[PDB]
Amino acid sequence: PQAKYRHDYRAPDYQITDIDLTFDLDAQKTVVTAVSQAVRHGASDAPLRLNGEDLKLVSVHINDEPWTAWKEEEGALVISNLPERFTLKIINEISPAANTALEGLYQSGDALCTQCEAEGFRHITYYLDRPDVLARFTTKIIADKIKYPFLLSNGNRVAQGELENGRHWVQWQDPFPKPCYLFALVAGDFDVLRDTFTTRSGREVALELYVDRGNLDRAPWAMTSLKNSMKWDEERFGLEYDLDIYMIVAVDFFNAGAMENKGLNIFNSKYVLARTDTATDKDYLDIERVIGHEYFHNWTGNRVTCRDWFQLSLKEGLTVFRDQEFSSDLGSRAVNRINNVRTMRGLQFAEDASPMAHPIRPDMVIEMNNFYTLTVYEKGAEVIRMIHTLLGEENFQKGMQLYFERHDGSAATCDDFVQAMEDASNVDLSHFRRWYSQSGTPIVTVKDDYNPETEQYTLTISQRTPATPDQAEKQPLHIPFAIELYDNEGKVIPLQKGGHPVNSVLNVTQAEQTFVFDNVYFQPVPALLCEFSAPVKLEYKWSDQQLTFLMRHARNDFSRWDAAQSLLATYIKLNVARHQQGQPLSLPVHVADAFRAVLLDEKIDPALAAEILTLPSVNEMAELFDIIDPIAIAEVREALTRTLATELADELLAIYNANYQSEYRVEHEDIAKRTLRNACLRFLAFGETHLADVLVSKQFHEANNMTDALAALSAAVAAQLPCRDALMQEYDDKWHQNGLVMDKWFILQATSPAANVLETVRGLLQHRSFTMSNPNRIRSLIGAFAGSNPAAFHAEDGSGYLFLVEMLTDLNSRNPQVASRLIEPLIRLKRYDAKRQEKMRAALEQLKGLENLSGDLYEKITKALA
């Protein structure tokens, strides 16, 4: 497969302004008729190259003339000798039932639906499948009335008819020009939840949410979230919906989360369906996040789109920032900030050290679905947030306004967005642009000094970015470095230099530089990199006492959580080293004291408390080490939980009972008490065994919602409690017919700490509720084993790797996108020890040798083996 380079971008030789599609739908054989008004911009000897994959061409007309001057290669229909303006007509055939990859037009249970981002429209007909070609679509759908009574596409429904032999048709029109990746089609039978939303200027929008028949009782939340998204985008950003109808379809067979198709979002049903006994707080909040996200894409992705795919982060970083803000405005901003920073440090940093490392704007891509990443999405968002941080809300909104004023109705670049922010605000982001071109995690080292003679605090901050596999050259970045100084009473010391205030977000633009603060009337305890003001690793030599001080006194809750993380990090590293020598856990008492103090703080917000009493994931802990010992890490996380459970047993139990809640609400106070309560239950499960077994079994059986029942079920598995097999069996007997709810069960099995976990996982390939035809099922059992049970995936004997290789040999043919997601734990081999590394490389070498090796895996395997 061939690599594409950002620096080869060229405006297309031809444009299409309008396309009229006809679909004669059938799952075995669908006929597509595509009539496209085109224009030649390039030179006359330059042919029209149309992208096309797995299509059966039936005819080619140019202004109704059967055309003889074309050929087919090799993903492409090449048409020669065209005029400056003409009507292209293609008829081709495709086969949805055969589409196991879920790219293009495929079959989701009984329905037919599309997924066209990034390059899936080319699996439907011959087209200029590239997001700098925008056109006005109209879409006619003919089908069997009984099997497909609903026929949907983008925009407004403008015509409809019956035919002989049980067939009907509908025609849709989307008046807004768009790249073909935003095209969508759905056909099938559904229950429909219908409501409306009236925009701040008075436009009444019909809202329609299509779900499998039976599931209307799981739709109101998603509908409520859509309304909330629409309202928030008006309030926060000044943006209103631009169409008369908003459709959302929930489908069970989908590779990602959801797709922002204009006026017709298609959603993985895991981010639509919720009922209090099937779904958790997290589900509810995710449903809110994704509905918001796809909604916010209507401006930051649709009304302004991407000139080319190398610009993905232009809409994803920005649109993620948007879902974060929305979630944060509506809920707890601190809790949101915290989890998003867990994700950055826990997962994204790993990618930015991996062989798949790339800038948020990639320079080279072989298969574009491999670039829907933590880096492009999450770090992308941190980069938007740094722009927010440097500009302030007011100027940020002016940049948004200028972005849209300049680029509405067109396809922009990352640079265009940055130019608009710069131009609207008058802040220079010239150097800041480097965040877009440079990969890897900057490391920021901080060294300080107090001078009591002069009452001055001196900070000497330096930065380096280690070379990455993709880039041998690295330079300093424009790093917004937010600080606060505390005196001995916990009061904030005003920042100043000779007479005048100083903004507390420092501009760290150099390899090394020094900042001097006057009037520091007492040796300060500093809070560094507040609110995670840049996506960097922080090096500063904290004492434990500085950190416990911050946990009591820091003004932002993030800082208090984060200080607790730095307190733990030191002892996680200590105890991994101890595990490696067969010694048991050592933990000074003042650490356990700090956590007792949080459990008993009457005034601390229970949401913050619960995050503090949530130990870093194994994936987070992993980022503390050059070489990862996944077994030591897993065993230490367990030991640390056991120790705290033991020290704090009484406090844990007290806080657990005090936070009991009779009623179940999805409301930020209630979620917070419940999250704290379950954090407590978790430690308790690792305490005294008879009490653990009684508490957990009781909670599972008494629970009136899935959040409480699953926290228990999950503790039973984690702590290997006596009641575990019964509870697991019960859950299965109750929920086996519901795939989404079983995912939770499969994840628990896949992540069990049991000795025979792999063996069970293998057996679960035969489970009634499992199937390899469903990505959600694949992800919850196989993916969760390989990505989320690193102790078992990395067994010394290599069984984890073989298991994955056998699974990937299947999926590479069936569904390369899901395969590529699953391969990721294997391309991290360079982070593990030599013997592990050899086995993993052997596994990658096996997979490289498959016939019909997919481009998706090829890209990762060749990078991982370099």
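In case it trips you up, residue 1 is the first one in the sequence shown, and so on.
For the pair 41 to 49 and 814 to 822, the mean B factor over Cα atoms is greater in 41 to 49. The stretch with the higher mean CA B factor, choosing between 695 to 703 and 232 to 240, is 695 to 703. Among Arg337, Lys603, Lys227, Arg322, the highest C-alpha B-factor in the deposited entry belongs to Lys603.
Looking only at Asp352, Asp286, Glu796, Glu611, the residue with the top Cα B factor in the deposited structure is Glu796. Among all modelled residues in its chain, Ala842 ranks in the middle third by Cα B-factor. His407: CA B factor lies in the lowest third for its chain, per the PDB record. In the deposited entry, the Cα temperature factor of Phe595 places it in the highest third of its chain's modelled residues. In the PDB entry, a CA B factor belonging to the middle third of its chain's modelled residues is recorded for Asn63.
Remark: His388 belongs to the lowest third of its chain, ranked by C-alpha B-factor as recorded.
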